[PDB]
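Below, read A as the first sequence line, B as the second, and so on, with proteins coming before strands; counting in each chain starts at 1. Scope of the values below: all heavy atoms of this structure, side chains included, with no hydrogens, waters or symmetry mates.
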2 protein chains.
Amino acid sequence: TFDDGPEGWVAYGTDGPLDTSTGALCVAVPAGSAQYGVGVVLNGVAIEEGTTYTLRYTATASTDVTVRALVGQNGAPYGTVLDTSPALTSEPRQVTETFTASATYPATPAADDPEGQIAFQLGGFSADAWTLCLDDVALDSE
Amino acid sequence: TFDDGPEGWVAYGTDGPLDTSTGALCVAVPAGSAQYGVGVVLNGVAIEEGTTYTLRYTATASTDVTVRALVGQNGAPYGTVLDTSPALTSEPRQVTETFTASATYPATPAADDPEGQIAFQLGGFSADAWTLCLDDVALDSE
Ligand SMILES: OC[C@H]1O[C@@H](O[C@H]2[C@H](O)[C@@H](O)[C@H](O[C@H]3[C@H](O)[C@@H](O)[C@H](O[C@H]4[C@H](O)[C@@H](O)[C@H](O[C@H]5[C@H](O)[C@@H](O)[C@H](O)O[C@@H]5CO)O[C@@H]4CO)O[C@@H]3CO)O[C@@H]2CO)[C@H](O)[C@@H](O)[C@@H]1O
Ligand SMILES: OC[C@H]1O[C@@H](O[C@H]2[C@H](O)[C@@H](O)[C@H](O[C@H]3[C@H](O)[C@@H](O)[C@H](O[C@H]4[C@H](O)[C@@H](O)[C@H](O[C@H]5[C@H](O)[C@@H](O)[C@H](O)O[C@@H]5CO)O[C@@H]4CO)O[C@@H]3CO)O[C@@H]2CO)[C@H](O)[C@@H](O)[C@@H]1O
């Protein structure tokens, strides 16, 4: 499902850009990365307070590592409506997370009101360099 | 299908930002707009030469207007692998366009090699101010 590319998704703090050549979106986390310093991110995610969503995704890491998968503000104060700590390994795991939104995020950045985003932050969790691959990422309301 | 926002999609040259409150992505084209001056765009679209794709979308315009719907380079020299002229009106029309790609676009901007994109350029086609709404946009390989 990344076989046509990121199509909106971007990464930052990675060694080289993201790679979708395999069909999955993959990124190389630099060794010695900093918390909040490396991420794979989709901005422009509108969220309605009270609505229930399920975030789905399949991921792999080339070292056994726990990271952070979230839905939140793209901008100060970086509030979250989903905040998790997925443990990842070599073998694909499908994560499914259901939540009811505790806040509203606009589809576009406004004054005092950053757009929402889906974020996988990857930095700071392992001293070592490692690779994350992502596939089958979906987010919908219930 | 825009009910959770643009999620990667962006607009430019519009009067105010894009709006997804209705479930469809909508944008207000300024009166007297310039060719190539107004658009709704998804960058990061990887394309493989020889591959066959179908671009789908449902659109409406608040004046009868023909625009440009394309898949091409996000960057000089702005080559295209699909180039069309959809006639749009008040009443929803689903367009389906099949093509075999005459070029390869990377998923990420490189040297001499801009990322690919899906683009609806809207400027320059009507002197009047008008609204475009978009829904059910999909692009896949056959
Ligand atoms: O080619 C595709 C497209 O690319 C555009 O350029 C991209 C570029 O490639 C990306 O690298 C860049 O990435 C930024 C993200 O958009 C943005 O969300 C992110 O924001 C982070 C911020 O980096 C981080 O410091 C912050 O950490 C906070 C935590 O979240 C909190 O929990 C904690 O308590 O506090 C810290 C703050 O210290 O988080 C935020 C939000 O997650 O920053 C990334 C790096 O800049 O985005 C560019 C724009 O999309 C290019 O421009 C297009 O032309 C092109 O088509
Ligand atoms: O909030 C979401 C996300 O937003 C990021 O910021 C966005 C911003 O909101 C957009 O307005 C901006 O839009 C640019 C497009 O990314 C980019 O593709 C587009 O490129 C156009 C160019 O504008 C145009 O001049 C050019 O026309 C050519 C034709 O295509 C050819 O046919 C013709 O022959 O020649 C002309 C040249 O004269 O076309 C290209 C490609 O279509 O430019 C838009 C305006 O800048 O993108 C920003 C980055 O995504 C924000 O940074 C994020 O933080 C945020 O999360």
Examine distances only and state if a side-chain atom of [X] and a backbone atom of [Y] form a donor-acceptor pair shorter than 3.5 Å.
{"X": "A:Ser62", "Y": "A:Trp130", "result": "no"}
{"X": "A:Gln117", "Y": "A:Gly72", "result": "no"}
{"X": "B:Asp128", "Y": "B:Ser126", "result": "no"}
{"X": "B:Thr84", "Y": "B:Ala69", "result": "yes"}
{"X": "B:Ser33", "Y": "B:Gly124", "result": "yes"}
{"X": "B:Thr80", "Y": "B:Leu82", "result": "no"}

Between [atom1] on residue [X] and [atom2] on residue [Y], distance to nearest 0.5 Å:
{"X": "B:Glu48", "Y": "A:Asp3", "atom1": "CD", "atom2": "CG", "answer": "10.5 Å"}
{"X": "A:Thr20", "Y": "A:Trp9", "atom1": "OG1", "atom2": "CH2", "answer": "13.0 Å"}
{"X": "B:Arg56", "Y": "B:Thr96", "atom1": "CZ", "atom2": "OG1", "answer": "5.5 Å"}
{"X": "B:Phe125", "Y": "B:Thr63", "atom1": "CZ", "atom2": "OG1", "answer": "14.0 Å"}
{"X": "B:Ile47", "Y": "B:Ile118", "atom1": "CD1", "atom2": "CD1", "answer": "7.5 Å"}

Under 3.5 Å, is there a donor on one side chain and an acceptor on the other for [X] and [Y]?
{"X": "B:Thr100", "Y": "B:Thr52", "answer": "yes"}
{"X": "A:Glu142", "Y": "A:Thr54", "answer": "yes"}
{"X": "A:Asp135", "Y": "A:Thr1", "answer": "yes"}

Say whether [X] and [Y] are linked into one hydrophobic cluster, either directly or through other cluster members, by side-chain heavy-atom distances under 4.5 angstrom.
{"X": "A:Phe2", "Y": "A:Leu122", "result": "yes"}
{"X": "B:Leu42", "Y": "A:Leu25", "result": "no"}
{"X": "B:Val38", "Y": "B:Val65", "result": "yes"}
{"X": "B:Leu55", "Y": "B:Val95", "result": "yes"}
{"X": "B:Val137", "Y": "B:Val27", "result": "yes"}

For the student: nearest non-hydrogen atoms of [X] and [Y], plus distance:
{"X": "A:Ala76", "Y": "A:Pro114", "result": "O-CG, 3.7 Å"}
{"X": "A:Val81", "Y": "A:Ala103", "result": "CG2-N, 3.4 Å"}
{"X": "A:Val41", "Y": "A:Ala119", "result": "CG2-CB, 4.1 Å"}
{"X": "A:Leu139", "Y": "B:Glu7", "result": "CD1-OE2, 4.2 Å"}
{"X": "B:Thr58", "Y": "B:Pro92", "result": "CG2-CB, 3.9 Å"}
{"X": "A:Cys26", "Y": "A:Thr22", "result": "SG-OG1, 4.3 Å"}

Exercise. Side chain to side chain contact (heavy atoms under 4.5 Å, CB included) between A:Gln73 and A:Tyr105: does it pass, once the steps are laid out?
Worked result: CA-CA 7 Å; A:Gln73 284 165 316; A:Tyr105 312 141; 3.5 Å; yes
Considering only heavy atoms from C-beta outward, does the side chain of [X] approach that of [Y] to under 4.5 Å?
{"X": "B:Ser21", "Y": "B:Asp19", "result": "yes"}
{"X": "B:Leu134", "Y": "B:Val40", "result": "yes"}
{"X": "A:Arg93", "Y": "A:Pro86", "result": "yes"}

Exercise. Which residue pairs pass the disulfide (SG to SG under 2.5 Å) test when at least one of the two sits in residues 61-92 of chain A, sequence neighbours left out?
Worked result: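 Found none.
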Problem set entry | Carboxylate-amine/guanidinium proximity below 4.0 Å for A:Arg68 and A:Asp83 |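 A:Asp83 and A:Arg68: salt-bridged.
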Problem set entry | Chi angles and distances behind the side chain to side chain contact (heavy atoms under 4.5 Å, CB included) call for A:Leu70, A:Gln121 | CA-CA 8 Å; A:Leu70 68 94; A:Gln121 331 190 306; 4.0 Å; yes
Exercise. So which pairs with a foot in residues 17-58 of chain A pass ring pair (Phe, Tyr, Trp, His ring centres under 6.0 Å), sequence neighbours left out?
Worked result: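 Residue pairs passing ring pair (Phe, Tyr, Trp, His ring centres under 6.0 Å), neighbours aside: A:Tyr53-A:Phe99, A:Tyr57-A:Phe120.
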For this session: Might you work through the side chain to side chain contact (heavy atoms under 4.5 Å, CB included) test for A:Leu88 and A:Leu132, ending with a clear yes or no?
Result: CA-CA 9 Å; A:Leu88 293 179; A:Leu132 170 100; 3.7 Å; yes
